[PDB]
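Atoms considered below: every heavy atom in the structure, side chains included; atoms not considered: hydrogens, waters and symmetry mates. Letters go in sequence order (proteins before strands), and every chain restarts at 1.
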4 protein chains.
Amino acid sequence: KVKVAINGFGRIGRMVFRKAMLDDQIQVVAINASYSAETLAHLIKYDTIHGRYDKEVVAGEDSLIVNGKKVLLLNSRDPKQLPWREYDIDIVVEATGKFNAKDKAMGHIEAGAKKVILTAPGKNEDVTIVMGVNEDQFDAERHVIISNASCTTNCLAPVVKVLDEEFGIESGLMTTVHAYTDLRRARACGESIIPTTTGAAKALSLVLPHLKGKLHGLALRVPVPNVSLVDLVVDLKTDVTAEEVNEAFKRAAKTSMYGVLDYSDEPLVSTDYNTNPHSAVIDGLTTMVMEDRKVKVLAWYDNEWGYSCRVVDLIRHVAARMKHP
Amino acid sequence: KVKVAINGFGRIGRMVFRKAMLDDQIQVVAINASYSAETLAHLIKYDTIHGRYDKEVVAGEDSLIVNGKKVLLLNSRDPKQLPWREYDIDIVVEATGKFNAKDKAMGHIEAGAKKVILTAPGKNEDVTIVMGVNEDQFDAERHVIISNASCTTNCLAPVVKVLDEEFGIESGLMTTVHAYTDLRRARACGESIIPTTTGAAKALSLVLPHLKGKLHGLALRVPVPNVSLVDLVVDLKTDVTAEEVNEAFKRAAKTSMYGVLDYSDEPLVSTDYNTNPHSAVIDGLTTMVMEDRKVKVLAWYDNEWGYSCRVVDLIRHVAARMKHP
Amino acid sequence: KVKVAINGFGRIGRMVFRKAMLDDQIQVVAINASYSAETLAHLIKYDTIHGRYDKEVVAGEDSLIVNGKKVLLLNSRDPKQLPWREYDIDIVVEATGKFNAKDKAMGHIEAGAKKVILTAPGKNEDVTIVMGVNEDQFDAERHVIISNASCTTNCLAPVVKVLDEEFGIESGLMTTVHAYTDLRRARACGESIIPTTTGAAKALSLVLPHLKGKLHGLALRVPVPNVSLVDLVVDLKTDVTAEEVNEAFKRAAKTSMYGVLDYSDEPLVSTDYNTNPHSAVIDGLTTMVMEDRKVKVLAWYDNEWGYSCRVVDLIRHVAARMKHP
Amino acid sequence: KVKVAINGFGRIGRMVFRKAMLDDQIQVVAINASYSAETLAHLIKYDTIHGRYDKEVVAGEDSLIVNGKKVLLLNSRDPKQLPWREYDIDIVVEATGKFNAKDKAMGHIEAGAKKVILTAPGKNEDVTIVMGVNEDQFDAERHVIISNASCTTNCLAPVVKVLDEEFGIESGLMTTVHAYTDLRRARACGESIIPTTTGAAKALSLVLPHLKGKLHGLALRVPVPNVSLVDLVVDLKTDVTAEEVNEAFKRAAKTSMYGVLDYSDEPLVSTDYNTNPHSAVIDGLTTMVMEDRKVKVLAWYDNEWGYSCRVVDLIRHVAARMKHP
């Protein structure tokens, strides 16, 4: 079983831990976090977004017992002090965010870990991966620090990939309607629509390089707790109807992007996609086409759960290629 | 002074009443509503969206005393029973919504009112007006039932008019991010992003006829109390930069669309536009241009206050043309 | 297996159906609702509060296939037209609310059902039951129309019962802080704290008659989607400490009120009690005692899930006593 | 005119500045804040809670021009470096919160200010003042550092004072239902009811010393933007009815507590008290009495605006006693 450590216990770290503890192919050996075992067990068991954890979560002496398995707990702010060599850590998931991600990852390597998965794109990682888009690019012999991009990029890239490979993309603009996770952001008070910048369209370069200059956009932060939406207005290179666009997505969801992209013909609201494991769910009832070429596509994503499921999928892909190069 | 009655005391009726009671050029003679004077005075004085009313509001015997002036109160469900002939009502504002608006308006005419302003587009009105766009079309000798369109159309039409007259519009799609005012709408529970249909782009035909087939869109209802946003992605017929688009809006706001359209270079959030009297406020900091032609424009509007101010402006325009044909 | 029908498919009807379809001791033969099978299947599968249903939900010809079992669907507004005699319906759960509940129940009896469970107290039912408080009072030979009280009464009555039997209650006042489910209620706009009346303290008379005149209170509706709170300030007849009060609750939760009342020493928030099946969960960390006698107790309850679980428990209790009088 | 400086530009500092700039008896000479003049002018002009500022707000070179008057701007983190002696500052309002308030105040004294008003109780101030309760205690010759208590204490103390002086208070418990401004607080996500501690009942000792041991309580943080509520359950020393309690409050509001406490017989919601200048508004329709002695009283307060108005009232009281000892 691949041996994994998790650094940082924010929402992504906790969701990844929840999902990995259910994977019997993965052994979560250790956690490095800022809090005591009792606080960590509380945070694992209870969650205001995804509900209570199904398995038994129990705090012990500098460890957790989760689903019957022991997980060691550490509290090191300098990652190169961690006992990763002594624990034979195969993969560290670096879940403390964007800030100095590459330095932290190198710290984990210096501590004896073999590979690091970053949770942010464009940190000078050896390779940027979006599952369903370019995971084939991972070389276990050449790639040591691997990025899983971001949640919005994990939604945007498969959608855009389907569109470009079926119809060709001329150019497009997008709005990502973002749940909660710049004077505008600082004056929020959790009550307003807030326009901000987004980096998902630029991060698209890392996984679909032939497409930069073609897409850009902004974010609208809205006061919903979780679940976000990509609103993409894109011009295609060939004539389409809404039904043809939806059929391309429907076919990708059942084949090449199975488990990553899904397609829905149901009249759902954003809350219905809470704890959905897909990277993107096309809302088939809203697809629009103006003058056969200008296409509006709406894609739902749980900006926490889908990304964490992709992180676990990536752990499994990397581990398989580590044992069988 | 032009003599006005208001039918219906929902949020639009109450906001229009608040604004008209401040206009010394307008005499609000009467109100027809479903509640007693005490309840109406409560609803006039207090408002969870726009705050407490500034003037003294007092309930009397089947009347209100507001800002020192008496307003008669009626409770007729059939508008042709109203004493509009006996009160010399010049204009009735029909504020009970879209349902059977033309029948209600004819009822007010049969009761003796001279003109009716509907608060919804496409009700077979004699003319559809958006102030700043086509108010010149009103003929006091030929037009008896007049529509002020809708709040979203009052935002979209001036923006689109500036764009078309300065640069020409090829085609475009829009999202209106709507505050609160179909299985999706029924399953809301006030907590989700809800995609729905919108009729603002189609209602554009009534005030800018040369532009239909060129624009369509959808709505995203989000749980904010008030203030909404038009997110327009439009292709233009000539090369532009973001600065040139913003300068066109800035020039229209200070001249041809003064008081109707405004332009902001400040980093504001949606709540900062609460009780803003403009039909649309361009957010200059978010304007984007892809490949010199594909333009993203964001326009804020208080979907209640701006529309009600336009209703009062229209009352004044119609009354001026009634006295001086 | 006891044969059950459900009348009305609001949130309580749907939650009860979800829970009963999992109970292999209960056969849900039929549903009477206002919508078609496709809409009902949508509403069963998806829920903005409690998430997606775990089992396969599928719509057929005037029926549903849920978890592999067929459920017949009817659309009768007059309950005495229903084929309950032909289906051998043992128990009808009347889930259309308070309005004319007894008339509806009699209609179900006239249609051939043997017993009816109302979802509201004080409707001239033969007996009012709160599980854990007085279910022993049900007589299968004398009681035909049975009430499960209300969600707030199902929280308040076990708490008050523990307090009265351990320490004696002199008098008390309560506030129920209520999630969303009178000029104040009509002016809401989903954004305010709204004081209203509550009938839970009066409904206490029906299940704990020796206690009326001793308790009354009000409600504060707050804009949270689900999960509510009883804030009880009660004077006791003997000296206590906070620890003794909490120990009384802790002992009741593990014995006489097992499955109905629970006790928590964890620092949780309201959202952590979403889809909790208990009628009440004492928040042990907030219990307060002033001058040894005046006690503040806080009790969480999911105002939907706990009540629906109690409805299913009551179905099982009634059915057991029907087969073994 | 009394010369005032404001230290700290959080919400209380900004609201106090807004109110003081309207007072022609007060000269706001300077502000010490963490941001540039342009950012400060933005924050003064726009506010997501209380709306846009009425007066002209303009940023100049290390100054603001507000309502036509110039206000100097400083950016000193050490208050004893401020030029208060050179500006003849009479009163500094210390609006950076509870943390090290007395040290900051002494710093302002060392810089040359004559008096300091703290915005938190129990900081070893020379005197704690609640306007309407004990402002008579201020001695301009003996008191140099003055506390205006807290917003919740400014609501609780006048209510409790009326009750104790009219009927006598035996003991009581309270809940303060608090808008947004401990594992529970850290796991919020702005969506839950959160029980926390409150210090308002203990701070009552400072302004009504004969009453400690008699009152204590907790807070329930609820996701409303502004406006909070005190829910007080108190036993009195003499028999009362709800009408007598409400009449005591009504008489205090029109006499001894004019401008501080108000009384409402209207069915309002919390949002209707936004930007209300009173310290407390009794909700007369919810007052309850159990067994002639146990009284429930609900008191609304804008936890920002009322407190800031009290701060300005205190500035005026202190200045009057400074010039006329």
Student: Need one label for D:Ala188: side chain, backbone, both or neither, based on atoms under 4.5 Å from any heavy atom in chain A.
Tutor: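 Only the backbone of D:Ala188 comes within 4.5 Å of chain A.
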
Student: Calculate, to the nearest 0.5 Å, the distance between atoms CD and CG belonging to A:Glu191 and D:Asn226 respectively.
Tutor: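 So the CD of A:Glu191 and the CG of D:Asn226 are separated by 9.5 Å.
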
Student: Looking at OG1 of A:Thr39 and CZ of D:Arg187, how far apart are the two atoms once the value is rounded to the nearest 0.5 Å?
Tutor: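 One gets 11.0 Å once the value is rounded to the nearest 0.5 Å.
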
Student: Heavy-atom count check: over 12 atoms from other residues, nucleotides or ligands less than 6.0 Å from D:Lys19 NZ?
Tutor: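 Incorrect, the count does not exceed 12.
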
Student: Under 4.5 Å, heavy atom to heavy atom, which residues of residues 43-53 of chain D contact chain A?
Tutor: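 From residues 43-53 of chain D, the residues near chain A are D:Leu43, D:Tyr46, D:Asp47, D:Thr48.
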
